[PDB]
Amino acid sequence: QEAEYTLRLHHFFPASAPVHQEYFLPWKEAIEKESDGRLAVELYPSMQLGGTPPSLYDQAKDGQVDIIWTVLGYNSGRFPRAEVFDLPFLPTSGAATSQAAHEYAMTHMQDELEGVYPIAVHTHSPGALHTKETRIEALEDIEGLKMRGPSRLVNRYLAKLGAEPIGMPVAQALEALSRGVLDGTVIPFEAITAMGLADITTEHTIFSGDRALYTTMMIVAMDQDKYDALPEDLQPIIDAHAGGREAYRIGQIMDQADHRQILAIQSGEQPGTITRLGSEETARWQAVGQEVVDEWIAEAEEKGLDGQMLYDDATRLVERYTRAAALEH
């Protein structure tokens, strides 16, 4: 049957990106099939419908497009309750941390997310250090490195670690590294794959223990007005492909793509070196991490927010969904 509604989905990553290939294409396929063609989904990668990645959230909210995928922290100050998921050593896997992020959003961010229908509120998989030249074997090695992070709280951590943070969306990272504006970038390994950085940032540092260095909250966001405009028999077709299960799935795709990329480097199929900092060394980065946590909670409280409560709930949810994933397998 002919399209009753065409949904334009706009994002900042290339079509070859794992989340595009393994989530957005199947999402398109299921929405079009289950709607018997009454819903058409058009995917627009690489900012093909214009603007820059910080503009994405409002493109969906304001209805310039129907669906976006973005980083909430690309808009500094805008999603203060979401910032709890940027904190050091809070996250585990993409899969578990995403499910925690979706539940957290549903229970704490109803005001912050007013005007968008959340298909998935999720995080990326473990954030790691990627550099052009410097093998980071110790805290001292990051001193004075120009490092790109996605958000003011990850940049805050990078500065407390003794780096020089330069805030920008990861889409500027290729050119900035190319021209010597950056020494490197934090991102998960699947983002290395996506952005074609494997042959540029060839030094990679990961950590010891039951928590990743950091992550950041992302969103697959639908214009609430466009959802509200759908007939009562097409709204449930969206609902069937929206919520915490979708967030878990996005995190799982990234986790799997991380593993492929890390294996490819370790095997010598792709040039690079992976350096895992031992327990004692990691403990040094976690001790700085705690100072950022303590600071954020104090900042939050002075500003009215119950930061301590939001931090306790975010950490409880990560542990809950991590243990549930661990018990199953």
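The first residue of the shown sequence is 1; numbering continues from there.
*Compare the mean C-alpha B-factor of 290-298 with that of 259-267 as given in the PDB entry, and name the stretch with the higher value.*
That would be 290-298.
*Take the C-alpha B-factors listed in the entry for 269-277 and for 299-307, compute each mean, and give the stretch with the larger one.*
For C-alpha atoms only, the mean B-factor is higher in 299-307.
*Return the residue from 70, 52, 35, 59 that has the highest Cα B-factor in the entry.*
Result of the comparison over 70, 52, 35, 59: 52.
_Third of the chain, ranked by Cα B-factor, where residue 170 sits_ = Its C-alpha B-factor belongs to the middle third of this chain's values.
*Hey, what third does residue 94 fall into on Cα B-factor, ranked over its chain?*
For residue 94, whose C-alpha B-factor we compare with every modelled residue in the chain, the answer is the lowest third.
*Going by the recorded CA B-factors, say which third of the chain residue 254 sits in, lowest, middle or highest.*
According to the entry, residue 254 has a C-alpha B-factor in the chain's lowest third.
_Going by the CA temperature factor in the PDB record, which third of the chain does residue 314 belong to: lowest, middle or highest?_
It falls in the bottom third of the chain.
*Ranked by Cα temperature factor within the chain, is residue 152 in the lowest third, the middle third or the highest third?*
It belongs to the middle third of the chain when residues are ordered by C-alpha B-factor.
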